[PDB]
Amino acid sequence: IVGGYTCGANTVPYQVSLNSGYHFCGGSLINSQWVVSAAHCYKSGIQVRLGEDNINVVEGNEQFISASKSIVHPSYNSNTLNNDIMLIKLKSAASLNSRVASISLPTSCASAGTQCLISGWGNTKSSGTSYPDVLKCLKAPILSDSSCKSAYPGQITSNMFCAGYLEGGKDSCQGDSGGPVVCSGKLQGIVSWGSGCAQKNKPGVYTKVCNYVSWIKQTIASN
Ligand SMILES: COc1ccc(-c2ccc(C(=O)N[C@H](CO)C(C)(C)C)cc2C(=O)O)c(C(=O)Nc2ccc(C(=N)N)cc2)n1
Ligand SMILES: COc1ccc(-c2ccc(C(=O)N[C@H](CO)C(C)(C)C)cc2C(=O)O)c(C(=O)Nc2ccc(C(=N)N)cc2)n1
Ligand SMILES: [Ca+2]
């Protein structure tokens with residue numbers, strides 16, 4: 001997260017870190033056994049880390065649970081980036097508590113201009129790299145479809161939206177991928193792609209979760 005702020009420990013209790021001996025992507029807890037992330041974060045050896053603030057220090061509220069299943073959307077396309085969504089099942093159920101809690105799925109899509117909370121442990125600089133110990137947060141609005149398509153001509157599908165700041169300086173970034181965009185208590189987005197980070201006229205692009213609620217529910221019911 002570039003241009004964000006320190007969230008505060010366990011203030012975003014649905015935020016998970018996907019770990020393979022290091023943090024590589026975010027995710028969002030949606031019930032005690034399932035995490036929503038980005039398809040492009042798929043890999044072997046995933047451990048889900050819940051209850052984290054400082055990802056480099058044991059602080060006492062963590063739960064580390066191996067992924068037993070990783071289910072990428074059936075029509076994910078790694079070229080176009082359409083349908084950049086994956087469901088991860090935990091090998092055993094998390095213990096839900098105040099610091100490890102789920103986020104609601106949308107019942108309807110959010111309007112342009114809706115203010116959302118984006119969070120993660122990704123890079124915090126727009127040039128160069130700095131990776132934070134503690135979770136970072138950014139308030140950012142959803143942009144209009146027209147502004148999004150103007151920013152990325154020919155690239156924006158009905159399963160994507162843009163969010164952020166066209167002046168630059170405030171964006172998600174590498175390592176935030178798979179993590180949440182939460183608006184009025186609903187998981188509306190997944191950190192997906194962009195051009196660099198926090199560049200002028202190049203807002204973040206996010207998977208549009210409201211198109212996937214039936215798929216998510218049916219997938220959880222069958223796996
Ligand atoms: C598929 O969609 C996107 C969208 C954006 C990026 C991206 C993000 C940040 C940056 C980047 O500029 N990140 C930091 C920001 O400070 C640097 C300091 C490393 C430049 C670069 C890229 C890129 O396009 O190469 C990427 C991206 O990083 N893709 C990528 C693909 C292949 C390799 C590899 N085999 N070496 C590495 C990286 N992918
Ligand atoms: C869509 O498919 C992919 C595939 C791979 C990447 C990617 C490439 C390199 C890396 C990366 O450089 N990872 C390092 C290790 O080299 C970390 C230390 C951040 C784990 C991260 C990512 C990522 O998924 O976030 C990314 C990727 O760069 N995504 C991304 C997400 C958001 C923005 C933005 N809002 N500005 C920019 C870029 N996207
Ligand atoms: Ca920790």
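Just the heavy atoms: all of them, side chains too, but no hydrogens, waters or symmetry mates, feed the values below. Residues: numbered from 1 along the sequence shown.
Within the 4.5 Å cutoff, the side chain of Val2 has no heavy atoms near those of the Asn123 side chain. At least one side-chain heavy atom of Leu166 sits less than 4.5 Å from a side-chain heavy atom of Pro203. Looking at heavy atoms from C-beta onward, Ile156 lies in side-chain contact with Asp145 at the 4.5 angstrom threshold. Counting heavy atoms from C-beta on, the side chains of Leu90 and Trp34 never come closer than 4.5 Å. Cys148 has its side chain out of reach of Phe161: every pair of non-hydrogen atoms, C-beta onward, lies at least 4.5 Å apart. A 4.5 Å side-chain heavy-atom check between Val35 and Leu87 finds every atom pair outside the cut-off. Counting heavy atoms from C-beta on, the side chains of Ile118 and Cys137 never come closer than 4.5 Å. Looking at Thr129 and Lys125, their side chains never come closer than 4.5 Å, going by heavy atoms from C-beta outward.
The two atoms that bring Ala110 and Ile142 nearest to each other are CB-CD1, 3.6 Å, heavy atoms only. Between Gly3 and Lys170, the shortest heavy-atom contact is O-NZ, 3.6 Å. When every heavy atom of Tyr165 is checked against every heavy atom of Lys139, the shortest pair comes out as OH-O, 2.7 Å.
Between the side chains of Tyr212 and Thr207, not a single donor N or O lies within less than 3.5 Å of an accepting N or O. Looking only at atom types and distance, the side chain of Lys43 has a donor-acceptor partner in the side chain of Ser20 under 3.5 Å away. Looking only at atom types and distance, the side chain of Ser147 has no donor-acceptor partner in the side chain of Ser150 under 3.5 Å away. Side-chain polar atoms of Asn82 and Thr157 form a donor-acceptor pair below 3.5 angstrom. In summary, the side chains of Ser78 and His40 do not present any donor paired with an acceptor at a separation below 3.5 Å, with no hydrogens or angles considered. When only modelled atom types and interatomic distance are considered, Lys208 and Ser158 share no side-chain donor-acceptor pair under 3.5 Å. A side-chain donor-acceptor contact under 3.5 Å links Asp133 and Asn56.
From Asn31, atom CG reaches atom CG of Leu105 across 9.0 Å, with rounding to the nearest 0.5 Å. One finds the OH atom of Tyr42 at 13.0 Å from the OG atom of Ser37 (value rounded to the nearest 0.5 Å). Going from atom CD of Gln155 over to atom CE of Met160 covers 8.5 Å, rounded to the nearest 0.5 Å. For the atom pair CG of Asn10 and CD of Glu62, the computed distance is 8.5 Å after rounding to the nearest 0.5 Å. With rounding to the nearest 0.5 Å, the separation of CD1 in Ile1 from OG in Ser119 is 6.5 Å. Between atom CZ of residue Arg99 and atom CD of residue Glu59 there is a gap of 9.0 Å, rounded to the nearest 0.5 Å.
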*Start with the C-alpha gap between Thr6 and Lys136, add the side-chain angles, then the distance that decides, and say whether side chain to side chain donor-acceptor pair (under 3.5 Å) holds.*
CA-CA 5 Å; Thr6 294; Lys136 300 290 181 175; 2.8 Å; yes

Contacts table for residues 187-198: side-chain donor-acceptor under 3.5 angstrom, sequence neighbours left out:
from: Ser192; atom 1: OG; to: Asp84; atom 2: OD2; distance (Å): 2.7

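Classification of the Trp215-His73 ring pair by plane angle, with boundaries at 30° and 60°, yields tilted.
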